[PDB]
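**Q** One structure follows; several queries about it will come next.
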Amino acid sequence: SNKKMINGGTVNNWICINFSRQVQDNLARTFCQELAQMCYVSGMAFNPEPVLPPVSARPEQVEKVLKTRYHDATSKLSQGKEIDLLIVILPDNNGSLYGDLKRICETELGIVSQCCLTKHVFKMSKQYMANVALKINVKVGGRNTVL
Ligand SMILES: Nc1nc2c(ncn2[C@@H]2O[C@H](COP(=O)(O)O)[C@@H](O)[C@H]2O)c(=O)[nH]1
């Protein structure tokens, strides 16, 4: 048996930010759609569409891009609703970007985030997607089986 979802969590509102120069907008878009689909069919409630389309940013602007995109997306929601998930596409080798990302999301924005390496965005294998869905589920309060 592979791990599966016991209780599927809910992602009604999400956005994507891309930090890889090898990834065009449409590919980030397509990647997130496949991930959203996997999350759903695994047992989550997961909106097939993001609050805002993906945006591409330079790692040097991590603080600015995250805070601005967070503000703009949140202001788009019905009053009192909040963003459930940020999906981040990042370069295979990213130095301090991963850590910066997590510190900002954890301690300033208070948003759940899922990082995805460029290599996986190009391959988009079903096994990868299933694994990332499992991680997302736990992060938003769902529960998975144990082996
Ligand atoms: N743990 C960790 N993962 C990283 C780092 N940089 C990129 N990643 C990628 O981020 C993914 C995990 O993302 P998370 O689930 O923490 O949002 C891993 O698959 C890994 O490929 C890093 O510095 N530390």
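Read-outs throughout are calculated quantities, based only on the coordinates presented, and are distinct from any laboratory measurement. Cβ: placed from backbone, ideal geometry, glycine included. Neighbour counts: every protein chain shown.
**Q** What is the number of the single condition among (1) hydroxyl-bearing (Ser, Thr, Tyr); (2) in contact with a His (Cβ under 8 Å, 6 or more places away or on another chain); (3) not in a helix (DSSP H, G or I) that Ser78 does not meet?
**A** Condition (2) is where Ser78 drops out.
**Q** Answer yes or no: is there a residue in the range 23-39 that is of a type outside the set (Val, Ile, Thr), away from the ligand (no atom under 15 Å from the Cβ), surrounded by 21 or more Cβ atoms within 10 Å (Cβ to Cβ) and free of Cβ contacts under 8 Å to residues at least 60 places away in the same chain.
**A** Yes: one or more hits.
**Q** Considering each of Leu66, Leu101 in turn, give the residue that is under 16 Å from the mean Cα position of the chain (by Cα), more than 12 Å from the ligand (Cβ to nearest atom) and within 22 Å of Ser20 (Cα to Cα).
**A** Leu66
**Q** Restricting the first residue to the range 94-123 and requiring it to be in contact (Cβ under 8 Å) with a residue 60 or more places away in the chain, which pairs with a second residue that is part of a helix (DSSP H, G or I) and more than 8 Å from the ligand (Cβ to nearest atom) meet a Cβ separation below 7 Å and a spacing of at least six or different chains?
**A** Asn94/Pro59; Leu97/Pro59; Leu97/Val62; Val121/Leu27; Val121/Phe31
**Q** Ok, one more. Hey, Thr145 hits all of (1) more than 12 Å from the ligand (Cβ to nearest atom); (2) more than 11 Å from the chain's Cα centre (by Cα); (3) surrounded by 12 or more Cβ atoms within 10 Å (Cβ to Cβ); (4) not aliphatic (A, V, I, L, M) but one; which does it fall short on?
**A** Going through (1) more than 12 Å from the ligand (Cβ to nearest atom); (2) more than 11 Å from the chain's Cα centre (by Cα); (3) surrounded by 12 or more Cβ atoms within 10 Å (Cβ to Cβ); (4) not aliphatic (A, V, I, L, M) one by one, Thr145 breaks only (3).
**Q** Is it true that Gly80 is surrounded by fewer than 15 Cβ atoms within 10 Å (Cβ to Cβ), touching a residue at least 24 places away in the same chain (Cβ under 8 Å), over 22 Å from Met5 (Cα atoms) and not acidic (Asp, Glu)?
**A** Here the answer is no, as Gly80 does not meet what is asked.
**Q** So how many residues does the range 67-77 have that are touching a residue at least 40 places away in the same chain (Cβ under 8 Å) and within 24 Å of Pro91 (Cα to Cα)?
**A** Adding up the residues that qualify gives 4.
**Q** Would you be able to say whether some residue in the range 73-82 is of a type outside the set (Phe, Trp, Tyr) and within 10 Å of the ligand (Cβ to nearest atom)?
**A** Looking through the range 73-82, none of the residues is of a type outside the set (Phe, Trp, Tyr) and within 10 Å of the ligand (Cβ to nearest atom).
**Q** Quick one: in the range 106-120, of everything that is of a type in the set (A, V, I, L, M, F, W, C) and in contact with a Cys (Cβ under 8 Å, 6 or more places away or on another chain), which residue is farthest from the ligand (Cβ to nearest atom)?
**A** Among those residues, the one meeting the criterion is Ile111.
**Q** Checking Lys64 against (1) in a loop (DSSP other than H, G, I, E, B); (2) free of Cβ contacts under 8 Å to residues at least 12 places away in the same chain, which single condition isn't satisfied?
**A** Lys64 satisfies every listed condition except (1).
**Q** So, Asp100, is that one charged (D, E, K, R) and surrounded by 15 or more Cβ atoms within 10 Å (Cβ to Cβ) or not?
**A** Considered against the rule, which asks whether it is charged (D, E, K, R) and surrounded by 15 or more Cβ atoms within 10 Å (Cβ to Cβ), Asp100 comes out as yes.
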